[PDB]
There are 2 protein chains.
Amino acid sequence: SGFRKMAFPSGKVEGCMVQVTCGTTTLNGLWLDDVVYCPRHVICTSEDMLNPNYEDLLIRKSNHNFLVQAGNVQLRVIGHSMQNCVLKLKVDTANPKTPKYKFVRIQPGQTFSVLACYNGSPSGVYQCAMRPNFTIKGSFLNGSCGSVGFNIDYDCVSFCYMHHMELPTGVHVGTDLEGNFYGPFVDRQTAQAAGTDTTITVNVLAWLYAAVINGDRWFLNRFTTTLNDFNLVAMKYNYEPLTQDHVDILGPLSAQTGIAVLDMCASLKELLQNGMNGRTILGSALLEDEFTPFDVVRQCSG
Amino acid sequence: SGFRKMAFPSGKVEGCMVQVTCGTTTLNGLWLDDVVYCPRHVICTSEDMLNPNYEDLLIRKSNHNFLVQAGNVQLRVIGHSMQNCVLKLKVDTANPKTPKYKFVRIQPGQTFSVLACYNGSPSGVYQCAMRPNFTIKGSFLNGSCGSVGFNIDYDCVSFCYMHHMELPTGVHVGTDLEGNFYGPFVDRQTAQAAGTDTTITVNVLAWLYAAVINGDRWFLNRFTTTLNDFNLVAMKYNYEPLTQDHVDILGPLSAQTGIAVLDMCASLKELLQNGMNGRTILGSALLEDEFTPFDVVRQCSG
Ligand SMILES: *[C@H](O)[C@H](C[C@@H]1CCNC1=O)NC(=O)[C@H](CC(C)C)NC(=O)OCc1ccccc1
Ligand SMILES: *[C@H](O)[C@H](C[C@@H]1CCNC1=O)NC(=O)[C@H](CC(C)C)NC(=O)OCc1ccccc1
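Residues numbered from 1 in each chain as written, not as in the entry; some residues may be left out. Chains lettered and ligands numbered in written order. Heavy atoms only, no water. Residues with missing side-chain atoms left out of burial classes, pairs and counts.

Going by the annotation in the PDB entry, the name recorded for chain A is 3C-like proteinase nsp5, with Severe acute respiratory syndrome coronavirus 2 given as the source organism.

Rendered as structure tokens:
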């Protein structure tokens, strides 16, 4: 038993991380087949970053201006292109460690593992949820751009995130591997708002199910509610409204515990209205919303 | 910026995980050079586990009774020995993926990454602290024994933990890689107590420093205290007593923030006596004690 925020084993991705330098700017690139993907602001000087014209900036760059290092091994760049907010550098050597992989655009409320990297070398791994407002709450310093987020399904790595920027609020934003930002963000160093940060209701319920599965049951009560009644409470508390699809997604957990979803909703409502009274649930004194139902099932079944 | 519980990249360890079967019992083994390490209760039947005589049980076992699989590849076992609570199976092939490594016995209050595994295949990675009472708060199911805990220093893997058992309280216990349990535990399926679970004071202070570094400063106050005054508060709250060595360990963080350690102690005291008033620190509504000072520095400096 026990329930912990858990990342995927990162070895398959470690073997794809490279260092990309252009001028005095260094960040990380992702090397798959004979293509290296990285954030296009690798071409900016610190001055260019306030209002970059990326087309003009790129035009002064040639292949030999992109220095790509895999370990101590330098790679030969034979082509370059800009796709949205990422550069694709064509190299002359296919990565021998390329895993089976795909590029995917995750949906808000889904989770993925971040392999935080500096100078092309992995630093650490941790789980993140793509929040409803298309931000993530990570740990990123200067030089971490190009670090990627991923999921693993048996042997296939699904890359879903590349890191680009930190907002004034301290939350983190980035793109998919086609270089389209998640959310209303642009890669320029100007103040940018993410808007209200709502709570992922179906994930809170999943984590309450995980809590019950793991012996934490004090918050259960004799009440039930309706979807429309509950959702009127979610409104007040900036929770996402619950839908039958969410109910259906919770089915396996509902059946595996014998607690109707709307009975669990009634417990959540009382927690939202009455607080936790200084108690904890799965070691936390707040309601946790960065576990998906799949996260809870995968971890409660190995 | 940002502060997250972060595990080491696990690739070096993924390449060492194998499956070990004896009879109808399967768990994980660690394959380094030509030796495979695993928990000795792989030889028990479910009945033997209530009161096993491991010497007698082992004697009925020969090399060919230990089935060791690396991926789809079966390994040939040429020798077996029992060292404390672990088996060492000698195989005829050195692991070609053996990293540079050492075996270390960690101290209570230190942290390490767990690579949770089933049937010899990595499932997920997460950070754990060895608590003062020699338990860890993990996520382990049937079949997870032999999963290991480790730290990485540039290229050297320091293995410090192998998983064996879950206590009635739901916390987790295990051995070092010489097979000596951390704590007063035995590998038998009988009720076993860990004793009082005290809080790692120096780690709470490190995390308060991490909070200040990351903009969370509301808990700072105009007061200071003394080591003996503070420790009288730690007593009431089952905190470990603070020592000058702890003060010295905190020096870099104290100097990097300009907050004297005893000023930070005074803040902790008020938090302990007055609670958090419904506020949060680094996204938490409790005081977190599973980050070491080194953890905070490593993560706030890449
Ligand atoms: C890429 O390595 C970097 C990651 C930032 C640095 C601190 N935390 C992060 O996530 N991205 C940038 O520096 C980015 C560049 C633009 C051209 C997109 N600018 C940015 O994030 O500005 C905000 C900021 C910069 C430095 C420290 C704190 C916030
Ligand atoms: C090894 O795979 C296993 C790990 C337990 C299973 C559930 N969570 C864990 O950490 N260890 C054992 O099953 C262990 C065997 C003894 C001979 C040491 N017994 C054990 O931990 O008993 C407590 C327990 C068993 C099953 C479910 C929950 C608790």
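Further notes follow.
Caption draft 1: Spatial organisation of the overall build of chain A. Summing up its helical and strand segments, chain A has seven helices and 13 strands in all. A principal-axis box enclosing the C-alpha atoms of chain A has dimensions of 70 × 40 × 30 Å. (Helix = DSSP H or I, 4+ residues; strand = E, 2+ residues; numbered from the N terminus.)

Caption draft 2: Up close: the site of ligand 1. Lining the immediate environment of ligand 1, one finds 17 residues, of which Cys145, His163, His164, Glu166 and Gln189 of chain A sit closest. More than one chain lines the surroundings of ligand 1; the residues nearby belong to chains A and B. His163 of chain A places a side-chain nitrogen or oxygen 2.6 Å from an oxygen atom of ligand 1. Side-chain polar atom of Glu166 of chain A to a nitrogen atom of ligand 1: 3.0 Å apart, as the coordinates give it. By residue number, the principal contributor to the shell around ligand 1 is strand β12 (residues 156-166) of chain A, which donates four residues. (Near = heavy atom within 4 Å. Polar contact = N/O pair within 3.5 Å; in protein donor to acceptor, adjacent residues only side chain to side chain.)

Caption draft 3: Expanded view of unusual backbone geometry. Residues and elements named next belong to chain A. The phi torsion at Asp33 lies on the positive side, around 50 degrees, for a residue other than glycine. Along the polypeptide, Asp33 turns up in the loop between β2 (25-32) and β3 (35-39). Of note, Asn84 is a non-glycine position whose phi angle comes to about 55 degrees, a positive value. Mapped onto the elements of the fold, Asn84 is located in the loop between β6 (77-83) and β7 (86-91).

Caption draft 4: Seen up close, the nonpolar core. With 38 residues, the main nonpolar core has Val13, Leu30 and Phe159 of chain A together with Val13, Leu30 and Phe159 of chain B as its most contacted residues. Apart from the residues within four sequence positions on either side, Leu30 of chain A is in contact with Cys16, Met17, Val35, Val36, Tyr37, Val148, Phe159, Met162 and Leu177 of chain A. (Core = buried A, V, L, I, M, F, W, Y, C linked by side-chain atoms within 4.5 Å. Buried < 20%, exposed > 50% of the residue type's maximum accessible area, 1.4 Å probe, protein only. Contact = heavy atoms within 4.5 Å.)

Caption draft 5: Looking closely at the domain arrangement of chain A. Residues and elements named next belong to chain A. Domain boundaries assigned for chain A yield domain 1 (15-175) and domain 2 (201-300). On a C-alpha basis, the centres of domain 1 and domain 2 stand 36 Å from each other. Overall, the association of domain 1 and domain 2 removes approximately 530 Å² of surface from exposure, summing both partners, and the carbon and sulfur fraction of that is 34%. On the surface where domain 1 and domain 2 come into contact, there are two salt bridges. We note a salt bridge from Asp289 to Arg131, for which the minimum N-O separation is 2.8 Å. (Domains from an automatic or database assignment. Buried area = accessible area lost by both parts, 1.4 Å probe. Salt bridge = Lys/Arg side-chain N within 4 Å of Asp/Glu carboxyl O.)

Caption draft 6: The site of ligand 2, seen in detail. If you check the shell around ligand 2, you find 17 residues, and the closest are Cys145, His163, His164, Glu166 and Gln189 of chain B. Those chains with residues close to ligand 2 are chains A and B. The side chain of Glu166 of chain B places a nitrogen or oxygen atom 3.0 Å from a nitrogen atom of ligand 2. A total of 600 Å² of accessible area belongs to ligand 2 in isolation, and the protein chains cover 80% of it. (Areas by Shrake-Rupley, 256 points an atom, 1.4 Å probe, with all protein chains shown as cover.)

Caption draft 7: Representation of the sheet that holds strand β2 (residues 25-32) of chain B. Residues and elements named next belong to chain B. Here seven strands make up an open sheet; going across it, the order is β5-β4-β1-β2-β3-β7-β6 and the pairing antiparallel. In this open sheet, the two edge strands, each paired with only one partner strand, are β5 (73-75) and β6 (77-83). Each strand of the sheet is rotated relative to its neighbour by a mean of 30 degrees, with strand direction disregarded. The sheet contact formed by β6 and strand β7 (residues 86-91) spans six bridges and is antiparallel. Opposite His80, over in β7, you have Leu89 as the bridge partner. (Pairing = 2+ DSSP bridges. Axes fitted to C-alpha atoms, helices over the stretch in contact; angles between N-to-C directions.)

Caption draft 8: Molecular detail of the side chain of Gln19 of chain B. Residues and elements named next belong to chain B. You can see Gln19 is positioned in strand β1 (residues 17-22). Accessibility expressed as a relative area gives 15% for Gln19, which makes it buried. Those residues in contact with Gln19 that sit more than four places away from it in its chain are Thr26, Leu27, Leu67, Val68, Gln69, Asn119 and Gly120.

Caption draft 9: Molecular detail of the pattern of salt bridges. Residues and elements named next belong to chain B. This structure, assessed with the given rule, holds 18 salt bridges over all chains. Across the pair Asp92 and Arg76 runs a salt bridge whose closest N-O atoms are separated by 3.9 Å. Note that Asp92 is positioned in the loop between β7 and β8 (100-103) and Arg76 in the loop between β5 and β6, a separation of 16 residues in sequence. Note on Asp92: relative accessible area 43%, which makes it partly exposed. A relative accessible area of 59% places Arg76 in the exposed class.

Caption draft 10: Expanded view of the environment of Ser254 of chain B. Residue and element names in this part refer to chain B. Considering the arrangement of structural elements, one finds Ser254 in helix α5 (residues 244-257). Judged by relative accessible area, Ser254 falls into the buried class, the value being 13%. Taking the C-alpha atoms as reference, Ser254 lies 24 Å from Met130; in sequence the two are 124 residues apart. If we ignore the near neighbours within four places in the chain, the residues touching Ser254 are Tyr209, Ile259, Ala260 and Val261.

Caption draft 11: Looking closely at the packing of helix α3 (residues 201-213) of chain B against α5 of chain B. Residue and element names in this part refer to chain B. Two numbers describe how α3 lies on α5: the axes approach to 10 Å, and their chain directions differ by 5 degrees. Relative to α5, α3 is oriented roughly parallel. Judged by residue contacts, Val202, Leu205, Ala206, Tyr209, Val212 and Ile213 of α3 engage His246, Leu250, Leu253, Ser254, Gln256 and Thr257 from α5. When the residues that make up the contact of α3 with α5 are grouped by side-chain class, the tally is eight nonpolar, four polar and no charged. (Parallel < 35°, antiparallel > 145°, perpendicular 65-115°, else oblique. Nonpolar A, V, L, I, M, F, W, Y, C, P; charged D, E, K, R; others polar.)

Caption draft 12: Representation of the interface of chain B and chain A within the structure. Contacts between chain B and chain A engage 38 residues on the former and 38 residues on the latter. Together chain B and chain A conceal approximately 2,600 Å² of surface at their shared face, both sides included; 53% is due to carbon and sulfur atoms. Per-residue buried area on chain B facing chain A is highest for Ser1, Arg4 and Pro9 of chain B; these three make up 26% of the total on that side. Where chain B touches chain A, the interface holds zero salt bridges. Connecting chain B to chain A are 21 residue pairs in polar contact. Elements represented by at least two residues in the side of chain B that touches chain A include exactly α1 (11-14), β9 (111-118), β10 (121-129) and α7 (293-300) of chain B. Ranked by the residues each element gives to the side of chain B that touches chain A, the list is headed by β10 of chain B, at seven residues. Considering only residue class, the side of chain B that touches chain A consists of 16 nonpolar, 17 polar and five charged.

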